[PDB]
Structures are given as structure tokens and as C-alpha cells.
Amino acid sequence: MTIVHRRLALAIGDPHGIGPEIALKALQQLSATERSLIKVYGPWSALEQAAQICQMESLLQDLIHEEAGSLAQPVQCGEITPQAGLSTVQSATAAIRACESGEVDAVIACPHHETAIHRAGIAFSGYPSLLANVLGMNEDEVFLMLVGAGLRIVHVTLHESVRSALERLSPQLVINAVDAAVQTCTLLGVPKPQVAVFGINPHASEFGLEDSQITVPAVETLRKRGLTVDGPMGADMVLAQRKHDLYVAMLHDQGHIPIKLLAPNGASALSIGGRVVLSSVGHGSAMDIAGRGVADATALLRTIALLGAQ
């Protein structure tokens, strides 16, 4: 079973965490041809360390690697350090830039440690903010798509009060979300996606003017551009039908609830802006087991299978 069919960047995350170890364990499971499609971004010293502990030194010769987030001192597994935090952001930044320039088609970031990044004096509020910052766009133009249990749901807004989200919603914002999400769908192996747009208000207002001002004009424009788009519709109703390859959530909770319920441990979070698709694996850096050789690479392999489709 080949799971990688396109070029991918893998940023190895916090070099003191389990990110290095799971990168190797993942790459080990792949064939030689698959390995050559994955470019690893991170400090060599950490990959060396993990390879020694896990006894996978012979794998290192086959890795395609680019030095990023170099360390000035030896790797200290399990230790939260500002240096490690800087490393994480640099590795991820270099992967993103490689996707931006067309060297790879998508990026996977191994687990970061939020405290490490903060201690380096780096502002970080998630991959959507980082991706925007690196690509030099506004946070408004990078969207989060959750993928889990068959469902794909792009969020037009995220991480702000409901009132604040309502004030920012516009037809253009919804259109930009869908364009970004449709291009990502192509990458996930769905060329002609059937799109469903959630209503802002219950039953898509059939209960306020917001949908007539926002979601209705947006769907009209998308359809004129030749997209197959239904809605606005009541979130609850459309989801239940299970007739669509992509759903467009207006609000955080509309999109987050379905995914956490159906896919408690199988959900991917894709950050999407410009040409770039960045997934995390859905777990932390596990400092209590780092350097002890007990980390499993299942979540990383799942992320690779999803982004590596075709």
C-alpha cells in the first residue's frame, strides 16, 4: 500500500519532543520511493539523536533533509527550552516557504510545545496565524478546515466571540473561504466537490437578515463561477443528509461539534492560505516520553495518507 503520491514537507517540530522520533518511525514504514517524496525540515542533530535511541541510524542516509532550526547546544530530550521553541518555528517556516515556492505540494508539522515558543519571545496562537505571518497575509485570509470521519468543514471565522464573527462576515469572506477549501479538496483527491454552505441563523433564516445579506449572494456568485453549491441551509439538516464533500461553517462551534463527535481521535486540522496546505498531527510533544522510544507514528501516518492522496 503506497500512501504518498506527491511531494510533501515534514517539519519535525520541537526537537526536544517526540516529533523527531515519530518522523523517523513514519518514514521507516514507507517504501524508498515514498521516502524520496518527503523532505524533512529540522535540525539534523535531533534526527541523529532519535535515530540512535530507536536504532534507526541506517535510515538517515535515505532521508531527504534540509537544515532548519539549527541548535547551538546538544539536544536535551524532555526539556522545555526557548532554543527548542525557536527551532520549531524555523523548521515550520522553512517547510511553509518550500510549499509557497512550489517545491512541495503540502506541509505537515510534527508536535510543537507552546511554552517553548512563548519563552523564545515568539507570538504563536496556532498554525493559521503562523501560516498567515510567514506568507505575509492577514489572519482573515487563512482558513481552518477540519477533516474527520468523511466530513470536511471549512470555517469562515474561528476563535473570536460570536458577535465579533457576525460583524466580520461578508459575502467576500465566505467566497474566499470556499475558494481556498475547494483548491484544498483537489489536493485531498476530490476534483469536483459538492459544497454545502451553512446558514448563520437557524434554518438559514427562512429569523434575521444576515443570510440574505451574506450567504445567499455568496452562493449565487460561486454558482455563477461554475461551482456546485447548495445553501444556505440549516447546519443540522444538511450534515444529516451526507450528500456533500465540503461544508462551509460560518462559526467555530458549527464546524467543531460534528468533527469532535464523530472523530474523537481521527481528526485532521488543515490550515489553508495561498497555495499552502499545512496539517498538524493532532497531538502534543509528549515531553514525559521524549527520548524514551515509546512514541507511535500512527497519527503522523494518517496525516500523510490524507495529504498524500491519489
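What we label the rigid core is the largest C-alpha set whose atoms superpose within 1.5 Å from one form to the other. Residue numbers run from 1 along the displayed sequence.
Once the structures in 6 other deposited structures of this protein are superposed via the core, the pair 159-167 and 93-101 is resolved in favour of 159-167 as the more displaced stretch (C-alpha RMS). For the pair 288-296 and 5-13, rigid core superposition yields a higher RMS C-alpha distance in 6 other deposited structures of this protein in 288-296. Unmodelled deposited residues between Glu167 and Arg168: none, per the record.
As recorded in the PDB entry, 212-220 is the stretch of 212-220 and 85-93 with the greater mean C-alpha temperature factor. Between the residues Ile200, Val197, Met137, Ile108, the entry's highest C-alpha temperature factor is the one at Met137. Residue set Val238, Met145, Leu131, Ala98: peak C-alpha B-factor at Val238 (per PDB entry).
Per-chain ranking of the deposited C-alpha B factor places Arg35 in the middle third. The PDB entry assigns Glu57 a C-alpha temperature factor belonging to the highest third of its chain's modelled residues. Compared with the other modelled residues of the chain, the Cα B-factor recorded for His159 ranks in the middle third. Residue-level temperature factors show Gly284 in the lowest third of its chain, judged at the C-alpha atom. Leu63: CA B factor in the highest third of modelled residues in this chain (values from the PDB entry).
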